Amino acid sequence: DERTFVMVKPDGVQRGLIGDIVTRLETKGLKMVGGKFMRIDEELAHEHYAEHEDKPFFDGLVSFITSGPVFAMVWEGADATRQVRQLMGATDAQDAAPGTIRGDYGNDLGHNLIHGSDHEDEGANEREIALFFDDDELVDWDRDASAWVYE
C-alpha cells in the first residue's frame, strides 16, 4: 500500500521528540517499513530540497537540515501520505492547529520538527523514499493489528 517518507528534523532530534512522533504515527495505525538515524550531507540536502534551489530561504534550509542528525522513516497505510500531513499540521508551526505535531511542539517555520511527503505533489512520496532508503532497507511485513484498524 501507499508509503510516505517521513523524517524527524534536527530540532526534533535535539528536542528528544522522536518517540512522541513515532508514537503518534503507530497509534494512528500506520506501519513503519523503513527507519534510519542518519545525518544528511550537503549533496543529499541539495537533492532533497532541489525544488527550493532558487528561494531566498534555501541556504538556511540546507544549513539547518544538515546541522545535526535526523531520523528518516517510511510509513505505509491507507491514504498514508495525506494522513501524515494531517498529523503534522501546517508547515508553519505557528499556524498549525493544536493536536497536530507542529501545533503542539513547534512555533517556527524553519525549525518545524518534521517533514512528510506532500500528497498534493504526485510521486513526491516514492521519489523521497527512494532518495533516503535503498530497497534493502525497507521491510515487507504484516502488522497483525491491521486487521482491526481496517475492514
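Numbering starts at 1 and runs along the sequence shown.
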As the entry reports it, the stretch among 41 to 49 and 85 to 93 with higher mean C-alpha B factor is 41 to 49
As the entry reports it, the stretch among 128 to 136 and 6 to 14 with higher mean C-alpha B factor is 128 to 136
From 68, 56, 116, 110, the top C-alpha temperature factor is at 56
Binned into thirds over the chain's modelled residues, the C-alpha B-factor of residue 34 lands in the lowest
Chain thirds by Cα B factor, record data; residue 26 belongs to the lowest
